[PDB]
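Undergrad: Going down the list, the sequences are from chains A and E.
Following this note's numbering, the numbering of the first sequence begins with 14 at its first residue and continues without gaps.
Following this note's numbering, the numbering of the second sequence begins with 2 at its first residue and continues without gaps.
Ideal Cβ placement from N, Cα and C applies to all residues, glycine included.
Pasting a structure here, questions to come.
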Amino acid sequence: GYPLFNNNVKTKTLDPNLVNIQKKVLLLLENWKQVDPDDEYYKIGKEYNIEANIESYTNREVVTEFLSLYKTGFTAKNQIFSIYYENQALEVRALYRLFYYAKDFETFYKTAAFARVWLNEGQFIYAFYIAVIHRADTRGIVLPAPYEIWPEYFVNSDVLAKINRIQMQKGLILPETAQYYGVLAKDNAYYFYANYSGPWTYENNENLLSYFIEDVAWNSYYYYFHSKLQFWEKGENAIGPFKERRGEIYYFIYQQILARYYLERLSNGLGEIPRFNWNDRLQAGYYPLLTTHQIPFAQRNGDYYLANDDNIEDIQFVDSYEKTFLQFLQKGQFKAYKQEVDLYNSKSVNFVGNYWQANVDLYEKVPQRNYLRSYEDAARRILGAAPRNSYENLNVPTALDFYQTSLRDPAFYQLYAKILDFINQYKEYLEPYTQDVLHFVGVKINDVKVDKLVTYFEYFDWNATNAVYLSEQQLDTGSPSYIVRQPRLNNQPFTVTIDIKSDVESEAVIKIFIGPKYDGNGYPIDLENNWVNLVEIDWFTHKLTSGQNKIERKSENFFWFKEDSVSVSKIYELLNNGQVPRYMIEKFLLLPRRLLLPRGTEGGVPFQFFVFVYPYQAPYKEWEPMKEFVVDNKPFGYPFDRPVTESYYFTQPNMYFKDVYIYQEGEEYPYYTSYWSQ
Amino acid sequence: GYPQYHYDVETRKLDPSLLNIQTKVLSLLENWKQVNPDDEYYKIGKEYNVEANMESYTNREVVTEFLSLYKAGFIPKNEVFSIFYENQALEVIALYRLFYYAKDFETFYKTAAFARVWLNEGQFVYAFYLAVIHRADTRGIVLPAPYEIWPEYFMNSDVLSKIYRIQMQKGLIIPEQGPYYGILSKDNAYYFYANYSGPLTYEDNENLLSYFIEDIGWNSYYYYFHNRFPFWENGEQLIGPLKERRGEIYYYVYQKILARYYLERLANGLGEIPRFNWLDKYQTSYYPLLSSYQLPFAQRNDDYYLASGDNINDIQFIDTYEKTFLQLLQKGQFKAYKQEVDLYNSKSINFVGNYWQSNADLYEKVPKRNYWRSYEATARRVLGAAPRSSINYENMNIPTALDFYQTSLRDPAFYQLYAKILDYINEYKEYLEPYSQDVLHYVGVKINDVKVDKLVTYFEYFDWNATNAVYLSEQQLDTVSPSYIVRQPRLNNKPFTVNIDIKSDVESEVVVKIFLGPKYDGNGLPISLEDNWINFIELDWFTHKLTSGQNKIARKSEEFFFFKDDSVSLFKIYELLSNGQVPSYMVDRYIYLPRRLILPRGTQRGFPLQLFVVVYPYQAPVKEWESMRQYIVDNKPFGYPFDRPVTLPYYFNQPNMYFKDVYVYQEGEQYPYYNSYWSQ
Ligand SMILES: *[C@@H]1O[C@H](CO)[C@@H](O[C@@H]2O[C@H](CO)[C@@H](O[C@@H]3O[C@H](CO[C@H]4O[C@H](CO)[C@@H](O)[C@H](O[C@H]5O[C@H](CO)[C@@H](O)[C@H](O)[C@@H]5O)[C@@H]4O)[C@@H](O)[C@H](O[C@H]4O[C@H](CO)[C@@H](O)[C@H](O)[C@@H]4O[C@H]4O[C@H](CO)[C@@H](O)[C@H](O)[C@@H]4O)[C@@H]3O)[C@H](O)[C@H]2NC(C)=O)[C@H](O)[C@H]1NC(C)=O
Ligand SMILES: *[C@@H]1O[C@H](CO)[C@@H](O[C@@H]2O[C@H](CO)[C@@H](O[C@@H]3O[C@H](CO[C@H]4O[C@H](CO)[C@@H](O)[C@H](O)[C@@H]4O)[C@@H](O)[C@H](O[C@H]4O[C@H](CO)[C@@H](O)[C@H](O)[C@@H]4O[C@H]4O[C@H](CO)[C@@H](O)[C@H](O)[C@@H]4O)[C@@H]3O)[C@H](O)[C@H]2NC(C)=O)[C@H](O)[C@H]1NC(C)=O
Ligand SMILES: *[C@@H]1O[C@H](CO)[C@@H](O[C@@H]2O[C@H](CO)[C@@H](O[C@@H]3O[C@H](CO[C@H]4O[C@H](CO)[C@@H](O)[C@H](O[C@H]5O[C@H](CO)[C@@H](O)[C@H](O)[C@@H]5O)[C@@H]4O)[C@@H](O)[C@H](O[C@H]4O[C@H](CO)[C@@H](O)[C@H](O)[C@@H]4O)[C@@H]3O)[C@H](O)[C@H]2NC(C)=O)[C@H](O)[C@H]1NC(C)=O
Ligand SMILES: *[C@@H]1O[C@H](CO)[C@@H](O[C@@H]2O[C@H](CO)[C@@H](O[C@@H]3O[C@H](CO)[C@@H](O)[C@H](O)[C@@H]3O)[C@H](O)[C@H]2NC(C)=O)[C@H](O)[C@H]1NC(C)=O
Ligand SMILES: [Cu+2]
C-alpha cells in the first residue's frame, strides 16, 4: 500500500491570441494511430496539394526534394518507424523540413493534415512533435507528455494486454472479480495497477533499480533532449546562438545522466558501471517485455558475442572510429574535416562532442557527402542483438532504436560511459583551474545545514488511451479512459541554509551539487576521482551585504528541476479558463523534482553536498535570446568541467562539503500492489 | 575510533589431579618454532628411544610402522607442512598414532619431547594438538586458541612485517614516531593495529565482507571441526556411540557454514553464491597477502583455466566422481564399497556424507587399498592454482590457502565448491518423504507471541597474542619473551532476549528450537520456505516444562546452545591456572561458533531477518548415548525439522510454530578501517 499522489498544478495565464492554435494542435494529436473520415482535417488532407502551394514555403529546394522523395513512394501505414532506419529517417527529415519552412500557421496546419491523412502515423507524430517544439509561431504552446503520446513504449506487456482485453470486451464481463487482477472500474474510467520489471527481464540484480531506469519521466527526459537537439539538424536551426557550445551540452547532459545512474547503483549496492571489449562478449542480459504492433522487442542473453559473421564491417568501423580519436590525442593540434583543432584550448570541446555524435555540424565545412556513417548508430545496432537482414521492409525493434526506450537498456549506459571515458582522456589536456580563479577573496562559507532527506513511493496515474484502437461510435461521441496507476519515487520538501561571512558587499553566484561519498568497495572517493560523479542540483545568484548572511533555498526553487506534467483532461479544463500548466511551458526540458534524491534506506544511505560561491558575471549580449537556461558566462558544470588534479589547491574557504543521509519511509520495495496489500 | 573489548570469563575449578598435565602441555607449546637446549624436554627427547620402550605402547604395529618410516627419513626442519602433502600426511599420521596409543601420560610426554627435538615443528605441533584433543587422560585441560599457535595464518603481511621489524630492532629507534604507523609501546608490550584485506585481495566487491571471512574465530572454528573429526581417522576412535551419524555431522556443519556466509552476502548486497563449471574459465580471482617462512601464498589470476593438460587427469577423476553419484541417484538401492545402501531411508545420509568426504569409514568393508584418492583434495589442488611443478616435486611446495584448515575459509572458491557438494546432497535429499502433519502438529500447544529486544551490531577492538610468529634470542628464551599483541576490529552484537508465550492445555516436557534465516534474496523478492529451508541457521535448542495454562519463556542470547564465548589469552590462562581454575567453554564448548558472530552487520545500516520458533514433544536419547549427553538434547536428527526438503509449506502453519520478522541495526562506524592515529 502506497499513498495516492494529489497536487494542484501551478498554472499561468495563456495569451488569448495563441488559444486557437493550442486547440488545433491538440486536435491533431487525438487518436493519431487512426484516421477518422468524419474529422475536419480529413477533407483538408485529402484535398491539399503541396506543389500548387509551393509559393507558401519560404525555401523552394525543400519542396522540390520532398516532392522528389514522394514520387518514389513513402513507407506504408501500420508499420514500425525508427529514426535509425535510413530510408525512414530520410523521409521524415524532408517532412520535418517542410513543416519547419511553412510560411504561416495555416500552411503548417494544412501540411500536417495532409501528412496525417496520407503518411505513416509514426513519422507524422514524430515530425509534428518536433516542429511544434521548434516552430517560432507555436512557441508558448503546451504539448502532451511523451508517455501519453506513446503509451506502449512506457509500459510492460501485461498491463497493455489487460487494457486490450478490456477494450475488446468493451468493459468487464464479471466485474466483481476484476479487482483481484488489478483492474478497477470507477468514475467512468478503468484503472490498471502496474508492476516494474523483475529479475526475469534484468540479470545480475539490476532489477533492484527497475523503478528508476523504467520511470516514465526518466525516459521522457531523454526523449525531450533528443527532440530539442537532434543529431540530424544544424545548430543554427536547433539552438541558435549556442551553436559553438553544442558539444559542451552533449557532454554535460550525458555525464549528468551517467552520474545519476551511478548514484542509483550505489544506493542499490550494484557497484560501478562495467566496461566491455568489442572483440569480447557483452555481459548484460536483457529480455524486454515490450511490443509495438505486437512485434516483440529484441532479446539479448547474458553472454552475447558482439563480433559475429554479419557484423564484421560495423565492428571494423567502430574500432577505427576509436583509434583515430586516440591518434588525435597524440597530435594535439591538427586539421580534421576542414576545421583546425587545437586540443590545448578548452573551446575544442565543441569539436570533440560533435565528433562523438557524428552530427551535421561535424561536416559543415566539407562538400555534401553521399557516404554517411555514425559511430552511435553502429554501436546501437551491434548492441541491440537484433537479427541482421538486408531487406528494408523487415525489422525487429530494439530498445536502442527508440529514444523513448533507450534508457531501459544497460548497454546504453556502458556505451556512453566508454564514450565519456574517451572524452575525459581528451579533457586531461586542459590546464587545471588555479587558486586565483577559485578563491573568493573576502567571502567565507561559515556553515551549511540541510533538513531531513526522505524518499518514498507514491501512486501516480497517467492516461494510456492512445495505445488502443477505438470503434466508430467511440470516435464519434467519446472514448473511455484507460488509466495506468503505478508506484513512483518521490521526496519530501527540504531546505538548504547557507551561513556566509563577507565584509565586502557584492553580487555572487551559488552552485549546489550532490554526489557520492563511498564507492562500491566501501572506501571514500577522493575528489580527484569523484569530480565526474557530482550532479549539479542548484545554480542561482544572490547579493551579499557587509557582515553575516543567511541564505535559505527551498527544494521547490532549484534551477535544474521542474514539476510533474498533467493529463490532457486538466489541460482542457485550464484552457477553458484561459490558463496552461506553467511548468509544461516553463522548464519542460528538465528532470522532474521527484527524482532529485536517490531512494534511501531505513537506516540511511550516505551522500554529500558541495556548495560553491564565486563572483557573478552577466551572460554575454548575443546570448540574450537564451537567457532562461543560463545564469552567467561560466561553462556548464563549472568548476567540475575539467579534471581536478590536486584536491589541496582546489579547496578554498568559499567551498563547503557536507555529509548527509537519505532515509526511506514506508515500503522499501515497489511491488506491493496486490488487492490483498491495499 | 572503536571501543575496547572488556568481558568476564566463565571459570570452573580444575581437577587437582590434572594440575600437572596442563602445565606440561603448556610447556611444550612455548616457542614451538624453536628448540631451546636449556629446557628439560631437550634432554628427555635427545635421550629417549622409541624402540626400547615398545612395551609402553598398546599397539605394536604402530611402533613398527613409525620406526620404518623414520628409518626412511622424515621431512627436514624449517619447511612448510600441510596435511594435503601425501608423504607429510603419512608421516604425521604415523606420529599421531604413536602419540595416541601411549599407555600413560609419561610415555606420551617423552614421545612428544622426542618429536619436538627431532621432527619438523609443524608436524609436531599438529600431532600434539590433535592428541591432546583426543587423548583420554588429557580431557579437561585447556589449549591455546589456534590464532595464538599459528599467528602467521591469521594476519596479513603488513602487520607481520611491522612485528618482524620491531623484533629485529629490539624496540623503536624513534619511539615518538611509532603511533603514526600503528605501533603503540605500552606496559612492556607492543600493540600493532591490524586492518582487514582490501580490494587488492578480493574482487567483485567481496572485500566488504572480509571482516567476516578473515575473522579469527571463523577459521578457528573450522580448524576445531577438522581436529575433532579428521577425515583420515576411523569413526570409532572419533565418535564411539554415535559413529553411524558421522555423515550427518558432515552435512550439518557445512550446511551451516555456507548458510551464515550466504546471510552475510545478503547483508552486503552481494547476492547468491556463484556456480561454476570445471571445464570453463574460473571467474573468481584471489590475491592473498599471506606468507609462511617468507614463501608467498599462491595467487589465482582472474579467468584461470582449470582444464589444462597438466591437470587433465585430476579433472577427469573429479568429473567421474560426480557422474557416479548421479548414477546412484538413478539406482536408488544398490551396493557400493561392499555396503548395501537404500536412498529411500534417511539413515543413508551417513553413507552420502562419507562418500563426499572420502573418509576412512567409506572403505571400512573393503581390503586395505594402496590406491586412494579424495574428491575434496583433488578439487582443492585444482582450485589452488599452484604451479604443477610444486605438486610434482616433493621437496618443494608453494602454499595455498586451501592447503590449510586455518586459512581455507579465506578463499571464496571454498564456498562455491562446498555449495556444489551440498547441491548434490540436496538432490539426494529430494528422495526423502516430507514430514506429515501428525509429526509436526503438537496437539494442545499454541504459541501466542514471540518478542525480541533490539538487535544491534558493532565493531570493537580485540587484542590477541602473536609472540609465536617471531624467532627469539637466547637471552629472551632464558629470561622472558617479548609481548607482541595484535589489536584488530571485530564484529559483535549486544545482548538480547527472546520471550515466548505458550498456552498449554496439559502439563508436559517440551523441546523448543529457535532458528534464524533471511527474508529477501539478492533480487529483492521474498523467499518461500520450499527454497528457504536450507538457509535457516539453528540458534537455540533446549528443553522446558509447561504447566497447564499460560507460560512465558525468557531465553537470553548468552545462553544459546550452539554458541560459545571468546577464548582467553595465554597470560589469562596462566593467571587462572595459578588460582586453580580453567575456562569452561575452552574446555568443552570450543567446537561451537563464537557468540559475537550470531547477527549480520548490514551495509545499509538496517537488515531484515526472520526467526522461527518450534515446540515439540520431548523424548530422552537412547541410553547408549550416555557419554554424549552434553551435546545431544533429544533423539531428533540435527537440523530438525529443517533436515529434509519442504514440499507443502502449509504443513508448517501449525499452532506450535511461529515466524517472526526482525530487523538488525548497526551502531557506530559502519566500516572497520577507521583505526588510524588521527581517527583515534
Ligand atoms: C506476404 O509477403 C509478401 C512478400 O513481401 C507480401 O507481398 C508484398 O505486399 C506488399 C504490400 O501489399 C507489396 O507492396 C506493394 O506493391 C504494389 C505493387 O507495385 C508494383 O507496381 C508498381 C508500379 O505500379 C512498382 O513500383 C512496384 O515495384 C517497383 O517499384 C518499387 C518502388 O519502390 C521498387 O522498389 C521495385 O523494385 C519496383 O521497381 C511493383 O512492381 C505497390 O503498388 C504498392 O505501393 C503503394 O504502397 C506503397 C507503400 O509504401 C507506396 O510507397 C506506393 O507509392 C504505393 O502507394 C499506395 O500506398 C497506399 C496503399 O498502401 C495508398 O495510399 C494507395 O493505395 C497508394 O496507391 C506496395 O508497394 C509488395 O510488392 C508485395 N511483394 C511481392 C508480391 O513480392 C504480402 O503482402 C504478404 N502478405 C501478408 C498478408 O502479409
Ligand atoms: C640447492 O638445491 C639442491 C637440490 O635441491 C639442494 O641439495 C639437496 O640438499 C639436501 C639437504 O638440504 C640433500 O638432502 C640430504 O641428503 C643427504 C645425503 O643423502 C645421500 O646420501 C645418503 C647416504 O649417505 C643416501 O641415503 C641418500 O639417498 C642420498 O644419496 C642425507 O644424508 C640427508 O638426510 C638427512 O636429512 C634428512 C632430512 O633432510 C633425513 O630424512 C635423513 O634421515 C637424514 O637425517 C639426518 O639429520 C637428522 C636431523 O639432524 C638426524 O636426526 C639424522 O640422524 C641424520 O643425521 C638429506 O636427505 C639432498 O640430497 C640434496 N640434493 C642434491 C641433488 O644435491 C641444496 O641443499 C640446495 N641449497 C640450498 C642452499 O638451499
Ligand atoms: C604472549 O605469549 C608469550 C609466549 O607464550 C607469553 O610469555 C609467556 O609468559 C608466561 C607467563 O609469564 C611464562 O610462563 C611463566 O614463566 C615464568 C618464568 O619461567 C622462567 O623462569 C623461571 C625462574 O624464574 C625458571 O624456573 C623457568 O624454568 C623452569 O621451567 C621450564 C619449563 O617452562 C623448565 O624447563 C626449567 O627446567 C625450569 O623448571 C623459566 O626459565 C615461570 O616462573 C612461571 O611459572 C609459574 O607458573 C607455573 C604455571 O602456573 C607454575 O607451575 C610455576 O610453579 C610458577 O608458579 C610461568 O611458567 C612463559 O614462560 C612465557 N613464554 C615465553 C616463551 O617466554 C606472554 O606472557 C604473552 N603475553 C600476553 C598474553 O600478553
Ligand atoms: C484520456 O485521453 C483521452 C484521449 O486523449 C481523453 O478523451 C478526450 O477528452 C477530451 C476532453 O473531454 C475531448 O476533447 C473535448 O471533446 C468535446 C467533445 O466531446 C469538446 O466539446 C471539447 O471542447 C473538447 O475538445 C477529446 O475529444 C477526447 N478524445 C477522445 C478520443 O475521445 C480522456 O478524457 C482522457 N482521460 C483522462 C482521465 O485524462
Ligand atoms: Cu572475475
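Taking the beta carbon of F572/E as the centre, do at least 16 other beta carbons fall within 10 Å, making it buried, or is it exposed?
TA: Under this definition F572/E is an exposed residue.
Undergrad: Using the three-state DSSP reduction, which class does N552/E fall into: helix, strand or coil?
TA: Note: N552/E maps to strand in three-state DSSP.
Undergrad: Please report the straight-line C-alpha distance between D577/A and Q592/A, rounded to a whole angstrom.
TA: When rounded, the distance between both Cα atoms is 17 Å.
Undergrad: Could you tell me the boundaries of the alpha helix (DSSP H) in which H555/A lies?
TA: Not the alpha helix (DSSP H): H555/A falls in the beta strand (DSSP E), residues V548 to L557.
Undergrad: To the nearest angstrom, how far is the alpha carbon of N21/A from that of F572/A?
TA: Taking the straight line joining both Cα atoms gives about 21 Å.
Undergrad: At the level of alpha carbons, what is the spacing between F238/A and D390/A?
TA: Distance between the alpha carbons of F238/A and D390/A is about 17 Å.
Undergrad: Which of the three DSSP states is assigned to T658/A in this structure?
TA: It is coil, neither helix nor strand.
Undergrad: Under the assumption that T285/E contacts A128/E (Cβ atoms under 8 Å), give the Cβ distance between them as a whole number of angstroms.
TA: Incorrect: roughly 34 Å between the Cβ atoms, too far for contact.
Undergrad: Closer than 7 Å by C-beta to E245/E: which residues in its own chain qualify, once you throw out the five before and the five after it? Chain order, please.
TA: Excluding residues within five positions, the ones whose Cβ falls inside 7 Å are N351.
Undergrad: Measuring only from the beta carbon, is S580/A closer than 7 Å to any heavy atom that is part of ligand 4?
TA: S580/A: yes, Cβ under 7 Å from ligand 4.
Undergrad: What are the boundary residues of the beta strand (DSSP E) that includes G607/E?
TA: Taken as a continuous stretch (DSSP letters only), the beta strand (DSSP E) holding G607/E covers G607 to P618.
Undergrad: Below 7 Å on C-beta distance, what does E615/A contact in chain E?
TA: Residues of chain E passing the Cβ test: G607.
Undergrad: Does any residue of chain E bring its CB to less than 8 Å from the CB of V618/A?
TA: Taking Cβ atoms only, chain E reaches closer than 8 Å to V618/A, which makes this a yes.
Undergrad: Within 7 Å: the Cβ of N396/E and any heavy atom of ligand 2?
TA: Answer for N396/E: yes, Cβ within range of ligand 2.
Undergrad: Going by Cα to Cα distance, which pick from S158/E, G74/E, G218/E and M156/E is closest to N493/E?
TA: For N493/E, the nearest C-alpha among the options comes from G218/E.
Undergrad: Less than 7 Å between C-beta atoms, sequence neighbours within five positions excluded: which residues of the same chain meet that for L19/E?
TA: Only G141 and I142 meet the Cβ criterion.
Undergrad: Just to confirm my understanding: we take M658/E, look at its own chain, exclude 5 residues before and 5 after, and list those with CB closer than 6 Å. What are they?
TA: The answer, listed in chain order, is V615.
Undergrad: When you compare only the Cα positions, how much space is there between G525/E and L221/A?
TA: Cα to Cα, the separation comes out at about 7 Å.
Undergrad: Can you list the residues of chain A that residue 697/E reaches, using a CB-CB cut of under 8 Å?
TA: Here chain E covers residues 2 to 681 and nothing more, so residue 697/E does not appear.
Undergrad: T65/E CB to nearest chain A CB: under 8 Å?
TA: Not one chain A Cβ lies under 8 Å of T65/E.
Undergrad: List the residues of chain E that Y682/A touches, going by C-beta distances under 9 Å, in chain order.
TA: Chain E residues near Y682/A: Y521, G525 and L526.
Undergrad: Is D205/E near ligand 5, in the sense that its beta carbon is under 7 Å from a heavy atom of that ligand?
TA: Yes, the beta carbon of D205/E sits closer than 7 Å to at least one heavy atom of ligand 5.
Undergrad: Would you tell me roughly how many angstroms separate the C-alpha atoms of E48/E and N37/E, rounded to the nearest one?
TA: Those two C-alpha atoms are separated by around 15 Å.
Undergrad: Got a sec? Which residues, its chain only, sit under 8 Å from residue 686/E by beta carbon, not counting five neighbours each side?
TA: There is simply no residue 686/E to check, as chain E begins at 2 and stops at 681 in what is shown.
Undergrad: Measuring straight from C-alpha to C-alpha, what distance separates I134/E and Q671/E?
TA: Between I134/E and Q671/E, the C-alpha separation is close to 39 Å.
Undergrad: By a C-beta neighbour count over all protein chains shown, 10 Å radius and 16 as the cutoff for buried, is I325/A buried or exposed?
TA: Counting Cβ neighbours within 10 Å, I325/A comes out exposed, since fewer than 16 surround it.
Undergrad: Between the C-alpha atoms of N50/E and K72/E, what's the straight-line distance to the nearest angstrom?
TA: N50/E and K72/E: Cα-Cα distance of roughly 13 Å.
Undergrad: Determine the contact status of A380/E and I448/E, defining contact as a CB-CB distance below 8 Å.
TA: It is not a contact, given that the beta carbons lie outside the stated cut-off.
Undergrad: Rounded to the nearest angstrom, how far is the Cβ of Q681/E from that of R13/E, given a contact under 8 Å?
TA: With a Cβ gap of about 37 Å, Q681/E and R13/E do not count as contacting.
Undergrad: Closest to residue 692/A by C-alpha separation, out of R148/A, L502/A, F347/A and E569/A, would be which residue?
TA: Lying before the first or after the last residue shown, residue 692/A is absent from chain A, which here runs from 14 to 691.
Undergrad: Spatial neighbours of residue 692/A within its chain, please: C-beta separation below 7 Å, excluding the five flanking residues on both sides.
TA: Because residue 692/A is not part of the residues shown, which for chain A are 14 to 691, the question remains open.
Undergrad: Considering Cα atoms alone, identify which of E576/E, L594/E and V569/E is closest to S585/E.
TA: Ranking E576/E, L594/E and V569/E by Cα distance to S585/E puts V569/E first.
Undergrad: Say whether chain A places a C-beta atom closer than 8 Å to the C-beta of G270/E.
TA: Closer than 8 Å: yes.
Undergrad: Taking only the alpha-carbon atoms, compute the straight-line gap between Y429/E and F639/E and give it to the nearest angstrom.
TA: Going by the C-alpha atoms only, they are around 17 Å apart.
Undergrad: What does the Cβ neighbour count give for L610/E, buried or exposed, with the cut at 16 atoms within 10 Å?
TA: Buried, because 16 or more other Cβ atoms sit within 10 Å of the Cβ of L610/E.
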